[PDB]
Each structure stands twice: as structure tokens, then as C-alpha cells.
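Trainee: Got an experimental structure here, sequence first:
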Amino acid sequence: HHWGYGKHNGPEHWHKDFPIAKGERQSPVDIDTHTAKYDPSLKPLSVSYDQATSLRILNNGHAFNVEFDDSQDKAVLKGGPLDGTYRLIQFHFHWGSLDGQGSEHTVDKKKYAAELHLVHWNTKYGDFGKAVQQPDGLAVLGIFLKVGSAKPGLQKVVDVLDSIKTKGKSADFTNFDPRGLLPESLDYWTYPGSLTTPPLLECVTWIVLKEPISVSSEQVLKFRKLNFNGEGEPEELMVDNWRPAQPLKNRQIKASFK
Ligand SMILES: NCCc1ccc(S(N)(=O)=O)cc1
Ligand SMILES: [Zn+2]
């Protein structure tokens, strides 16, 4: 109820209210590329976002979420390591104060400038709340961001952030196409993990794409102008809203590519 990313409420403190923080399948993790094993058992990943229906964008004090209508299979993730159908509910990002940090997952200890999370729930459990009681309840598609050329499909998101500067603000965000945030390649790593924020629930099949997307310096600078605080409160820029890598423990990361 008062967690955050500060010195006094950040990741090193979460375990006191959320003891699963020290659990057996916490996220994110470092992806050691040389230890990940190619798995021929993985089937192709299927990202089916053609009928995605975005609704709203919300600053929740921790990040911003672009929310989707998940009342029907309009945008789903299937295939790869997944059994069944996972419905897109929201996406959000984690990012840094500087371009050398911001991602949650790391690749051979490399931190990217940011990381996109497309969050999906397993339709066999009927709603998100029931899905987060299940060890295969969620699938999060993670995409790294590096700073270079602008990402045209991100600009509509960047352009609305001025209207949701502070915690609790929302704005209409209809007709946004999340396909414009994907890299060319769907080559991925996958492992079983958790939500990376409280409540840190161990329900997630992580699918982390190998290929980063490029965003421009100007695009990420606009992320960094958001606020963690509410309207009228002293300004605390929304930066460094990432959890560091957690112990891998008894897990293997699988690669979909050689
Ligand atoms: N109410 C739980 C919401 C929640 C959804 C997704 C994530 S993440 N960063 O693991 O994609 C964290 C929390
Ligand atoms: Zn996230």
C-alpha cells in the first residue's frame, strides 16, 4: 500500500509487505544468453492483435498503462511456450533516469533504456483476478527499448503523456494499434516468473523478445517527464521504475532460436 521505487519504499523493502518477493520464481532475471538453451519443443509464437481495442491510458503512480477491452478475444497471444489463449489486458513500460538503465530484464547483464510489457491473461480462468491465483495465469511479452531512431508507432503514446502527468490521471486512448510497438523478429527467451511489482505474484510465463525496438531520445525524455506524485504534490519524476534482476533459483531460460 505504500511501495514504490525510492530508497525508503523501493524493491529492497517490498518483502516486508509482500514476502513472496524472496520467492522461488521472481522476476525479472538476467538472461545469460550462453546458458539459455534452444528448445525445439517451442511452437511458433502467435501475436494476434488485429482486432485490439484500446480504451484508455492511466498514470497509476508507478507507470502508465494503456488499457484494452478484454471482454472478448480481440487481441491474443498464443503459441510459443503457451497452452491455450491469453488475452491482452494492458501494456506499460519501465524506464530509467538515463539511457544506461531502465529495463527490468537484462541480457548478459546489459540494461536497456526501457522495457515494454504487454500483459495477457489465460482465458481458461475467466478473469484476470482468477488468473493471478494460477501458476499459468498470465503471459507477459517483454520488449526492450534502446535509444536511436524514433519508433513511429510509439509517438501517439508519447503525445498523450502531457495529459496524464500525475498519479490517478487518465485519458481516452482509443484506436491505438499495439502492432506498431513490435520489432521485426519474434525470436524470444522464455521462463516462468512473477509480476515485477507488488503483489509480485508467481503466475507469469515471461516471453522476452531478443530484438529491441529503437526509440528516440526525445521519446524517452517524454517518459521521464511523468510524475509519480499526484496533482499539486511536490514533483517526483517518474524515472527508474524498474525492479532489478532477481535470483534465477531452480529455473531454466529457454530460447526459441539458435
Ligand atoms: N495488479 C497487478 C498488475 C501487474 C501487471 C503486470 C505487471 S509486470 N510489470 O510484471 O508486467 C505487474 C503488475
Ligand atoms: Zn511491467
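Mentor: Okay, I see it. Numbering: from 1, shown residues only. Ligands and ions are numbered 1, 2, ... in the order given.
Trainee: what does this protein have sitting close to ligand 1?
Mentor: 117, 119, 140, 195-197 (CB under 6 Å from any ligand atom). Using the backbone N, CA and C atoms, a C-beta is placed for each residue, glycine as well.
Trainee: let's see it at 8 Å
Mentor: 27, 63, 90, 92, 94, 104, 117, 119, 128, 132, 138, 140, 142, 194-199, 201, 204, 243 (CB under 8 Å from any ligand atom).
Trainee: Validate this expectation: residue 154 resides in a helix.
Mentor: Yes - judged by DSSP: H, G, I helix; E, B strand; the rest coil, residue 154 forms part of a helix.
Trainee: In contact with it, which residues?
Mentor: Contacts for residue 154 were tallied using CB atoms under 8 Å, 6 or more residues apart in numbering; they are 180-181, 213, 215, 219.
Trainee: can you pull out the strands in the stretch 101-250 of the chain?
Mentor: Along the stretch 101-250 of the chain, counting by DSSP state E, counting those that start in this stretch, strands occupy 106-107, 114-122, 138-147, 170-172, 188-193, 204-209, 213-215.
Trainee: that older thread, of the contacts of residue 154, just the buried ones, PyMOL syntax please.
Mentor: Provided next is the PyMOL selection string for whichever of those are buried by 16 or more other CB atoms under 10 Å:
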select buried, resi 181+213+215+219
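Trainee: circling back: restricted to buried residues, select the residues of the chain next to ligand 1 in ChimeraX.
Mentor: In ChimeraX, a selection of the buried entries from these looks like this (16+ other CB under 10 Å):
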select :27,63,90,92,94,104,117,119,128,132,138,140,142,194,195,196,197,198,201,204,243
